[PDB]
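Order-wise, the sequence lines are chains B and A.
In terms of the authors' numbering, the first sequence opens at residue 42 and continues consecutively.
In terms of the authors' numbering, the second sequence opens at residue 42 and continues consecutively.
There are 2 protein chains.
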Amino acid sequence: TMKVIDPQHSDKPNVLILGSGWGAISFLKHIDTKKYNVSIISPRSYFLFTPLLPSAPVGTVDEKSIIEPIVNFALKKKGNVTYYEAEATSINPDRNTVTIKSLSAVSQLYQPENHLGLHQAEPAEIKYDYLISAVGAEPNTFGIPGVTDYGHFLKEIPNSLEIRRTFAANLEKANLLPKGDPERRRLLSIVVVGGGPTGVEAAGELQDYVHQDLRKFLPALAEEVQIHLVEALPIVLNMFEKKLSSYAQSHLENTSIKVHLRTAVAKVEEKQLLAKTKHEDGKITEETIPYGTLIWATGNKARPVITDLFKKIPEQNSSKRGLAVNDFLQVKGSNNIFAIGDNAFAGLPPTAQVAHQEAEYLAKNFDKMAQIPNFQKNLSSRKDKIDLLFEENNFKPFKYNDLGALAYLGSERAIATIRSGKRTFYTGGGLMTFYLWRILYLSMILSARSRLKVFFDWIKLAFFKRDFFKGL
Amino acid sequence: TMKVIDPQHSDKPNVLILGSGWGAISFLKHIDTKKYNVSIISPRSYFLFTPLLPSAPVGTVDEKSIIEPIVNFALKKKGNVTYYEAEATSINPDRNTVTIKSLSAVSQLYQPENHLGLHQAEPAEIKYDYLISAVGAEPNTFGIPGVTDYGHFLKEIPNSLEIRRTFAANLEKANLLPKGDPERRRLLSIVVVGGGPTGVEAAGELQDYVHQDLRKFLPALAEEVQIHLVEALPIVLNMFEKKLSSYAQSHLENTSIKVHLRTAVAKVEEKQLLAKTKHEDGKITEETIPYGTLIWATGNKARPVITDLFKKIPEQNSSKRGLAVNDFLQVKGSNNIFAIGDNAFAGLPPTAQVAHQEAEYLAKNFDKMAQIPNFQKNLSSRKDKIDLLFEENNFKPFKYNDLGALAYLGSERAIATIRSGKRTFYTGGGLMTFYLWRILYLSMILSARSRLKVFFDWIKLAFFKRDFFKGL
Ligand SMILES: Cc1cc2nc3c(=O)[nH]c(=O)nc-3n(C[C@H](O)[C@H](O)[C@H](O)COP(=O)(O)OP(=O)(O)OC[C@H]3O[C@@H](n4cnc5c(N)ncnc54)[C@H](O)[C@@H]3O)c2cc1C
Ligand SMILES: Cc1cc2nc3c(=O)[nH]c(=O)nc-3n(C[C@H](O)[C@H](O)[C@H](O)COP(=O)(O)OP(=O)(O)OC[C@H]3O[C@@H](n4cnc5c(N)ncnc54)[C@H](O)[C@@H]3O)c2cc1C
Ligand SMILES: NC(=O)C1=CN([C@@H]2O[C@H](COP(=O)(O)OP(=O)(O)OC[C@H]3O[C@@H](n4cnc5c(N)ncnc54)[C@H](O)[C@@H]3O)[C@@H](O)[C@H]2O)C=CC1
Ligand SMILES: NC(=O)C1=CN([C@@H]2O[C@H](COP(=O)(O)OP(=O)(O)OC[C@H]3O[C@@H](n4cnc5c(N)ncnc54)[C@H](O)[C@@H]3O)[C@@H](O)[C@H]2O)C=CC1
Ligand SMILES: [Mg+2]
Ligand SMILES: [Mg+2]
Ligand SMILES: [Mg+2]
Ligand SMILES: [Mg+2]
Ligand SMILES: [Mg+2]
Ligand SMILES: [Mg+2]
């Protein structure tokens, strides 16, 4: 009753990739398609360059500029790549299969295709020799009531649209109200929850729009908007040196953002939220904050398809943040499942930088496995010896090299620490750091198209106001 | 019970503009805001550069590139401009008022604003000294059944989005079906009704996408798409010389578009439509054409707010296509209403070219009226003498100067006839004509921002495939 897709007209092993983000796409770019048959399953038909996402809701860059269709990467590959636009709902380790639903499309980027006989919204299972799981993670509310109903995450392209639509609508209503009206004040207030670089960059970009663009035509309205950054810890950007945090904070306050440190949002309602401050002496105070737009940026948690998999594998039952993997990024308790990026946990920070390095490491290992006939064989055997094969052939374990971190702060200021190994090549903040931020980001974009478009967005920004359309 | 906005803290006359299109915006650009107070009512907060609309559904240019916010033009003005984002529902000539509904926003681009006390979705009446009606026209179905339910117009930005979403969705379903499936064939078929430059350019742009971009990754699918152009007359592009029509048609057919001349769509159903051919000898044949995407481009008709006004003015009861105006673009039967663009009819073709010339002419006349105290006065008087005042001060009547016409045909070919007076400076077709088409269109764009963005779209097109996202 359940269709099974199992391509056996090739001697090449079938590598199945879950996702189309940093892990999946970086892997796709490096994997040898002459040696392997690659399929990809993802509900999102494009790669998202997440570091510029915070700059999309206000039109600093356009949404289209920071995404790139999977097919464009796949076209660069010499062999057979297939992309299933669908969601993996169940990983089935013992039969080597992935169950997919919400299938919208299947693209076989190779001349003599085989008709698969799939139908939209018809469930199916896709058979693999090797599985690479990179479905990332999903926004964490920490069980705080109301965040899902009344706030916006900042995680995917639709969030950027949603945020713009909410704020634009609020600006229109507010401007019809007389100055000093408390409801007007509420509609013009934005709360960003989470003082990591995502929340900070989101807050800075909104303040940029308000101060540079909105001010040009509705200056009274612009002057009344109030952005709040709410952070539970005693400092923002706690992954940087404290002096950079301290710079960032003063800068944000200087651009008129209100920064609430040692403060947690305890509850969210439709038009107000409850924030609690734990002061340095142990005393707790409370504040009710009326808000028009709520952006929630407090980190992520494992997706259901992954938590479900925790249960199916004895070695993973104690897993919580993500799949536990060995030195070779092999899922523990599994012979042929690998996991990279945010859906795997090995103590490293959940960043694009880690995902990208994992992917490139994993793809090199696949180059080597293709030179050792035995890896091919153990798939057929009933004994799982692949982890043994790694040590026995002296594959080096994955070693992460932290290259540093960057954060834009609004008003043409950024902080940046650039590293490699024990060496620091750059660490500071300011105007020049902002130009460095731009240049480095441009460098890290995965495609020429997206790189050109972001570059064009920035040039237009030199001369003209940001596009800020409610329905576009 | 109905609020009335009536600004009388100035001695300047209140000029009210309906629309934000070719007529309205061109007028706005030339009207003297030192002599007049200008308000604008339009449900669309941006100007649309219509000649590039056919090239938006497939991402040849982006939707954002060809629109420009009204506020951007208004900011260039020295005096007081106010923009009501709302729809005029009733023109009330005897009380000099316009009734508005669906109010979303009001923007007063001047420092000391007066709180108007308006509310969203609260009806209001806006009082004028002078009314300039430029609300354009709306798509005509000629009463053919089903066109509204099952087809798409190509008239406004949302149409471009709808068309993209339909075709993209069809491409996905079709590709899941085996080659030769008749349903697959249907899903890959597009019918464009109307052989004017709008239908032709739409067809050519779609064929461009299919041949240049889709073919790169799904060549089997691309090869099966079939675009149909259906035109009731015996030639396409009948406003051009027959030899250019003849060149266009051969070119279209050469790019694989099927052109059905002497053929009219008589009925439209969800998955098929009925087309009837009246042959040169008088014989009528019929064909049922299955289709996946239907684009309906057969010209326009008067909007309800305008037809309603026909009834309120004795001199306009016989009006059908639009408001009847005199030599000075004054609505007949009215002392202080003027009409330009497609909502007025004076025998001239309904084009942007005519609308733009009318607007600039009308604005010059307003410069002159401001030097003749009497125009100001007749507003107060009960006798309507403004039309007399025009002749008596020897204002010249409006004289249209046809500058020619242009049409893109797909695959880097265009036709173009450039005129002025009796002189023809250019008339022909081909590759160079296509480069001319681009350069002239860039020249005609009303703002630097939009012009830069279109220019960047074309450059990116030189290197990369068109963006064709279903949900963006
Ligand atoms: C706003 C923002 C800014 C960021 N900035 C930085 C930064 O500046 N520097 C940095 O180092 N990191 C940054 N990050 C973090 C970085 O984006 C993540 O660590 C990175 O995405 C992890 O890569 P991933 O492949 O594991 O997940 P992702 O890149 O999120 O990709 C996951 C993929 O899986 C797909 N998927 C989801 N569910 C399923 C399913 N059930 N079946 C199949 N596929 C599925 C998704 O659609 C997506 O295609 C930022 C994150 C955000 C949200
Ligand atoms: C796809 C396409 C391509 C075209 N290409 C060309 C070309 O290449 N060359 C050429 O010369 N002409 C071209 N035209 C024709 C040209 O666009 C029209 O003749 C022109 O729009 C007429 O100008 P207008 O101001 O009367 O109407 P529009 O420019 O359409 O403006 C009407 C305005 O009124 C607003 N409005 C609608 N209803 C109301 C309401 N009730 N109250 C207040 N405002 C309202 C609309 O939102 C819009 O802003 C093209 C048209 C289309 C659709
Ligand atoms: N923008 C960027 O450059 C980067 C962003 N990231 C993102 O950061 C995440 C990893 O860091 P995390 O610490 O998980 O998130 P984070 O780094 O975005 O910071 C979240 C912050 O929100 C605060 N917070 C949590 N609950 C709160 C509440 N109820 N009220 C107020 N504040 C609250 C926490 O103190 C925490 O510091 C990843 O999921 C990734 O998406 C990761 C790398 C880089
Ligand atoms: N794209 C461009 O360059 C320009 C386009 N226009 C548009 O042209 C319109 C004015 O010219 P029109 O002749 O009214 O429209 P049109 O010039 O766009 O062409 C419509 C054509 O469709 C055909 N048609 C009508 N009903 C049909 C049916 N049931 N089946 C098949 N064919 C049918 C007609 O013969 C007509 O030639 C305006 O609405 C304006 O928007 C105007 C100026 C320039
Ligand atoms: Mg398995
Ligand atoms: Mg939501
Ligand atoms: Mg809200
Ligand atoms: Mg006045
Ligand atoms: Mg329709
Ligand atoms: Mg064809």
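The beta-carbon is built from N, C-alpha and C at its ideal position, and this holds for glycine as well.
Below 8 Å on C-beta distance, what does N216(A) contact in chain B? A146, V147 and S148
Thinking C-alpha only, which one of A162(B), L364(B) and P54(B) is nearest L420(B)? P54(B)
Helix, strand or coil for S131(B)? Go by DSSP, reduced to three states. strand
Could you give the distance in angstroms between the alpha-carbon of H301(A) and the alpha-carbon of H252(A)? 21 Å
Which residues neighbour ligand 9 when neighbourhood means a C-beta less than 6 Å away from any of its non-hydrogen atoms? List them by chain order. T189(A), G192(A), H193(A) and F194(A)
Which term fits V99(A), buried or exposed, when burial requires 16 or more other beta carbons within 10 angstroms of its beta carbon? With 16 or more other Cβ atoms within 10 Å, it is buried.
At a CB distance below 7 Å, what residues from the segment 219 to 234 of chain A approach chain B? Give them in sequence order. Cβ contacts with chain B come from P219.
Pick from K342(A), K312(A) and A489(A) that is closest to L228(A), judged by C-alpha positions: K312(A)
What are the boundary residues of the beta strand (DSSP E) that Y449(A) is part of? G445 to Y449
Through-space distance from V277(A) to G237(A), alpha-carbon basis: 6 Å
Are the CB atoms of residue 584(A) and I46(A) nearer to each other than 8 Å? Nothing can be reported for residue 584(A): it is not among the residues displayed for chain A, which extend from 42 to 513.
Output, in chain order, the set of chain B residues within a Cβ distance shorter than 7 Å of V112(A). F258
Against chain B, does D254(A) count as a neighbour if the rule is that its beta carbon must be under 8 Å from one of theirs? Output row for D254(A): interface = no.
Beta-carbon separation (whole angstroms), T326(A) vs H320(A), contact threshold 8 Å: 7 Å
Can you look up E166(A) in the DSSP assignment and give me helix, strand or coil? strand
Go ahead and label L447(B) buried or exposed: buried means 16 or more other beta carbons lie within 10 angstroms of its beta carbon, across all protein chains shown. buried
Same chain only: Cβ atoms within 8 Å of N211(A), ignoring 5 sequence neighbours per side: Result list for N211(A): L228, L229, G333 and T334, in chain order.
Check whether the segment 439 to 454 of chain B and the segment 409 to 424 of chain B are in contact - that is, three or more C-beta pairs closer than 8 Å. no
Min CB distance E166(B) to chain A below 8 Å: For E166(B), not one C-beta of chain A is nearer than 8 Å to its own C-beta.
Could you round the C-beta distance between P134(A) and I378(A) to whole angstroms and report it? I think they count as a contact, below 8 Å. 6 Å
Range covered by the alpha helix (DSSP H) that runs through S174(B): No alpha helix (DSSP H) contains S174(B), which is instead part of the beta strand (DSSP E) from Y171 to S174.
Give the DSSP-derived three-state secondary structure of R507(A) in the structure shown. coil
Straight-line Cα distance separating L202(B) from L429(B): 48 Å
Go ahead and pull the three-state DSSP assignment for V112(A). helix
Does the segment 68 to 79 of chain B touch the segment 395 to 404 of chain B, meaning 3 or more C-beta pairs lie closer than 8 Å? Flag = yes, the segment 395 to 404 of chain B and the segment 68 to 79 of chain B touch.
Please classify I204(B): does DSSP put it in a helix, a strand, or coil? helix
Opening and closing residue of the alpha helix (DSSP H) in which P331(A) lies: Here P331(A) belongs to no alpha helix (DSSP H); instead the beta strand (DSSP E) covers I325 to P331.
So the candidates are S61(A), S106(A) and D443(A); which of them puts its Cα closest to the Cα of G462(A)? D443(A)
Please list, in chain order, the chain A residues whose beta carbon lies closer than 8 Å to that of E213(B). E126, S145, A146 and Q161
Which value, in whole angstroms, describes the spacing of the CA atoms of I107(A) and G340(A)? 21 Å
State the beta-bridge partners of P180(B) as determined by DSSP. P180(B) is bridged to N341(B).
Span of the beta strand (DSSP E) around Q267(A): First-last of the beta strand (DSSP E) with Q267(A): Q267 to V271.
Excluding five sequence neighbours on each side, which residues of the same chain lie with their C-beta closer than 6 Å to the C-beta of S174(B)? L59, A380 and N384
Enumerate, from N- to C-terminal direction, the unbroken alpha helix (DSSP H) stretches of 4 or more residues contained entirely within the segment 434 to 499 of chain B. 472 to 485
I need the straight-line Cα distance from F497(B) to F497(A), nearest angstrom please. CA-to-CA, the gap between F497(B) and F497(A) works out to about 7 Å.
Return the Cβ separation of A165(B) and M43(B) in integer angstroms, given the expectation that the two are a contact with Cβ distance under 8 Å. 7 Å
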